[PDB]
A.B. asks: 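Here it is, the structure in full.
Numbers here simply count residues along the sequence, with the first being 1.
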Amino acid sequence: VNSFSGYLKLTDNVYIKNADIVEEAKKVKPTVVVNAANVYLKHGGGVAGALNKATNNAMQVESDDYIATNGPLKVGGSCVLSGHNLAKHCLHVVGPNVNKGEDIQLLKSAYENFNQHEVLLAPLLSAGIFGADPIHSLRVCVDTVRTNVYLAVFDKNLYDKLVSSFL
Ligand SMILES: CC1(NS(=O)(=O)c2cnc3[nH]c(=O)[nH]c(=O)c3c2)CC1
C-alpha cells in the first residue's frame with residue numbers, strides 16, 4: 001500500500017490521474033518525481049518550468065552545477081537529482097522533442113529509465129510542449145515500464161481522451 005489517491009488503474013503497474021504534478025508531488029512527497037527535462041536541464045517551461053518554479057529555482061541551481069560538471073544528458077537518458085520540497089528525488093528524463101526533430105523511437109529508451117525505480121510519480125514523456133502524441137506516449141509507457149508508475153495529466157480534456165481510447 002502507498003499514499004497515491006484517486007488514480008485510475010490502467011494495468012498491473014500503471015495508474016493515471018487528472019492532476020497537477022506539482023500539487024500532487026507537494027501532497028504525496030513521493031520517493032521519485034519525474035521531470036520532463038531537456039538535455040541542458042534548462043527548466044524553462046512545461047512540466048520542468050512548473051516543477052522548478054515550485055522549488056523557488058533551487059532545481060535550476062542544482063541542475064546548472066550538474067551540467068557544469070557532467071555536460072548535457074543524452075536524448076533518452078536521465079539523471080537523479082534532489083527532489084527539493086517536492087519529493088526525495090527527481091528523476092530528470094529526456095524524451096525526444098518532436099519540435100526539434102528528435103527520433104520518436106527514443107521515447108521507449110526514455111521510459112526505460114523508470115524501471116530503475118520501484119515507484120514513481122510522472123508526467124507523460126514527450127507530451128505537452130515536447131510535441132508527441134500523448135496517446136502514443138501512454139502506449140509506450142504501458143509497454144515499457146514494469147515498475148509502478150502514477151501518471152499525472154494536467155489537462156482534464158486530455159485525461160478523458162487517454163482513458164476513453166485506452167486499449
Ligand atoms: C499532457 C499534458 N501536458 S504536460 O507536458 O504533461 C504538462 C505541462 N505543464 C504542466 N504545468 C503544471 O503546472 N502542472 C502539470 O502537470 C503540467 C503538465 C497535460 C498534461
A.B. asks: Please say which of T144, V32, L125, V119 ends up in a side-chain contact (heavy atoms from CB on, under 4.5 Å) with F114.
C.D. replies: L125

A.B. asks: Got a sec, which residues hit side chain to side chain donor-acceptor pair (under 3.5 Å) with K26, two or more places apart in sequence or on another chain?
C.D. replies: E23

A.B. asks: Which residue, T11, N115, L151, forms the side-chain contact (heavy atoms from CB on, under 4.5 Å) with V145?
C.D. replies: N115

A.B. asks: Check whether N56 reaches the backbone of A58 with its side chain - one donor and one acceptor, N or O, closer than 3.5 Å.
C.D. replies: no

A.B. asks: Around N70, counting heavy atoms of other residues, nucleotides and ligands shown, do more than 12 lie under 6.0 Å from its CG?
C.D. replies: yes

A.B. asks: Could you tell me whether the side chain of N57 and the main chain of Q60 form a donor-acceptor pair under 3.5 Å?
C.D. replies: no

A.B. asks: Check step by step if ring-ring contact (aromatic ring centres under 6.0 Å, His included) holds for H89 and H117.
C.D. replies: CA-CA 11 Å; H89 301 108; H117 302 278; 7.5 Å; no

A.B. asks: Look only at the side chain of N97 and the backbone of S126, and say whether a donor-acceptor pair between them is shorter than 3.5 Å.
C.D. replies: no

A.B. asks: Decide yes or no for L106 and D103: does some side-chain heavy atom of the first lie under 4.5 Å from some side-chain heavy atom of the second?
C.D. replies: yes

A.B. asks: Spell out, as yes or no, whether a donor-acceptor pair under 3.5 Å connects the side chain of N113 to the backbone of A110.
C.D. replies: yes

A.B. asks: Among all residues two or more places apart in sequence or in another chain, which pass the side chain to side chain contact (heavy atoms under 4.5 Å, CB included) test with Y40?
C.D. replies: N38, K42, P72

A.B. asks: Are there over 12 heavy-atom neighbours, none belonging to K27, within less than 6.0 Å of that residue's NZ?
C.D. replies: yes

A.B. asks: Holding to side chain to side chain contact (heavy atoms under 4.5 Å, CB included), I want the full list of residues that pass it with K74, two or more places apart in sequence or in another chain.
C.D. replies: none

A.B. asks: Does any N or O in the side chain of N35 come within less than 3.5 Å of the main-chain N or O of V93, such that one atom is a donor and the other an acceptor?
C.D. replies: no

